[PDB]
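Each residue takes its place number in the sequence, starting with 1. Both ligands and their constituent atoms are indexed starting at 1 by order of listing. What you see below is based on every heavy atom in this structure, not just the backbone, and it leaves out hydrogens, waters and symmetry mates.
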Amino acid sequence: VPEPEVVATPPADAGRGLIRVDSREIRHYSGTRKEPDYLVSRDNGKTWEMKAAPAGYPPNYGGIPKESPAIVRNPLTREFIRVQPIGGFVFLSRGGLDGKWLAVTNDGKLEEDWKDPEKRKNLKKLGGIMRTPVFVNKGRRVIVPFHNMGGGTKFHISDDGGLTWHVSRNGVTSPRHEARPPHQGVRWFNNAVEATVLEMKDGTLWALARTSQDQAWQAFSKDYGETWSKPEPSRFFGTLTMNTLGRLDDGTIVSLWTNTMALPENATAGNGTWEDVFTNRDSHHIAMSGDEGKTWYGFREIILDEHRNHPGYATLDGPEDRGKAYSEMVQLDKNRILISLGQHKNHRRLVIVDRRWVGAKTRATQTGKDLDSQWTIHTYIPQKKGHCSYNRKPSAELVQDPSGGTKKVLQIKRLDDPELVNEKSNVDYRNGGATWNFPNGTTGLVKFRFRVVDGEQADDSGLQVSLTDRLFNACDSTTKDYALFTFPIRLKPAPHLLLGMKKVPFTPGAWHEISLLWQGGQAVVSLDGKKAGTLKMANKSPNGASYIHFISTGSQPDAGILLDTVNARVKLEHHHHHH
Ligand SMILES: [Cl-]
Ligand SMILES: [Cl-]
Ligand SMILES: [Cl-]
Ligand SMILES: [Cl-]
Ligand SMILES: [Cl-]
Ligand SMILES: [Cl-]
Ligand SMILES: [Cl-]
Ligand SMILES: [Cl-]
Ligand code: NI
């Protein structure tokens, strides 16, 4: 079934401003400080061009250049409410997007003459950084998540379509990060910020928020957002990146997020006041649920960042956030969803995704054919660039298959590259590696094909092979510490698999296939079609395995290994009562 298709670049960072006008027209508004404009599609999301908004559509009095205001349709009136990411006013439409707009006053009236700066002084100003207005309780209430970076998320609530407002009694919070190993310092503290909210079929609200932890945190409301439960970790991995929840016409829930694990903090990292560097925003993922979140499927990469391997990744526009974080979605038909995602004009995209692809149970790859589109292989030059970035290099390269043919295969080794080391930071990204996504499974079978490079190897040369539940950097040697299953291929004294205690030898100068068949807390490992050993689960997962990760283990420059094919098949383990 159709792979994700890039169709355009939105005129603002993703997360706000994407709105369906009618069955064929979809718009994405902008944060422009000049005359308002939007990107528009008149063929239900296929093709796009820029267009000026009419003079009755208000300028961005608040907000910022890189982000659109949020624009949300009131399901009862079919008019719209607009709020900014930060600052500005509350506008309500009369006659749709190209109709008359009115601004909400502090006393709960409507101002037609909002172009008058004096009259703008008695307009309602909702505080905090805001995300997306959401209509709940059969359209009778609208709530807007807002946060303070240190204080957490609460909700602006209106029961009269946006004329008058109050604040929730509480909201969502999440704990500070602790600099335990392998961290050498503290992650930027964000207290459950940038929430997305979904109304469940029974009326409960689910809030999912960005944190300093390894995963998003969540809380629930039984009173349409007045009060919220004690916050807890969610199942959606990711740190200092953003979540979006939505619902399709048939009731299926969609979760969009950046399913990554950042590199551990380095010795230069602070105490939570400010971040160091982002090493975790070069992907976006999708999962779906047909049973109000009791079970999930997919956890598929929508896209990898095209610039991820580039030594000039941050070189231009140093202060501006970039990558594939943030998203907003609009259903296009029964099977297809339009997603705006990412940050920075060179990185943000509009992508169409098919739910039947989300529900697929197999995937296969060959490094030489598929590196650019499907493989994460970047390492970082650990020298801070711009506000919070690192420039990159590919950590592995393609070489000729020594067997002959046209096949190109990926050489994964310990690099000799001083640019990948920072002694003061106390980090060393010279171990090359590679990681690849597949549909999530609590049970499955993954096979890969590898060969020892005919060259000098160090005493600890080899490959650590891990099944994981999010995308770990190619150069992250700590992946094995978070892995669901992990084991080393060791090259010295002679080549062998270490499967706990058991050494399983294999020949140099030849291709070998390894299989990993996992189910529950065990994986059976096979070598060239013969059972070789068993691995105990190293870490539990709320979801299952959706990545395989391969990283070199050598501590001195070496020749390493070659990686050819990978394939995966996972199974549905259906709900039943025999437990
Ligand atoms: Cl303002
Ligand atoms: Cl505004
Ligand atoms: Cl409020
Ligand atoms: Cl302790
Ligand atoms: Cl849930
Ligand atoms: Cl590339
Ligand atoms: Cl550079
Ligand atoms: Cl910034
Ligand atoms: Ni910053």
(message) Run the side-chain hydrogen bond (donor to acceptor under 3.5 Å, both in side chains) test against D354 and tell me which residues pass, sequence neighbours left out.
(response)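 If we apply the side-chain hydrogen bond (donor to acceptor under 3.5 Å, both in side chains) test to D354, skipping adjacent residues, the hits are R356.
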
(request) With the side chain counted from C-beta on, respond yes when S546 and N437 share a heavy-atom pair under 4.5 Å apart, and no when they do not. (result)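 Yes, their side chains come closer than 4.5 Å.
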
(request) Start with the C-alpha distance between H347 and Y313, add both sets of side-chain angles, then the distance that settles ring pair (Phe, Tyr, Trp, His ring centres under 6.0 Å), and finish with yes or no. (result) CA-CA 10 Å; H347 298 256; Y313 182 93; 5.4 Å; yes

(message) For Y224, does the six-membered ring have the charged nitrogen or CZ of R141 within the cation-pi criterion, i.e. under 6.0 angstrom from the centroid and within 45° of the normal?
(response)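 Negative - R141 is either too far from the ring of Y224 or too far off its axis.
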
(request) Would you verify whether the NZ or CZ of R82 falls within 45 degrees of the ring axis of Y57 while also being under 6.0 Å from that six-membered ring's centre? (result)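 The answer is yes, since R82 meets both limits relative to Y57.
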
(message) Strictly under 2.8 Å of the Ni ion (ligand 9): which protein N/O/S atoms qualify?
(response)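 Correct list: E275 OE1, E275 OE2, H387 NE2.
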
(message) Taking the ring of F299 and the ring of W257, is the distance between their centroids below 6.0 Å?
(response)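 Ring-ring flag for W257/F299: true, centres closer than 6.0 Å.
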
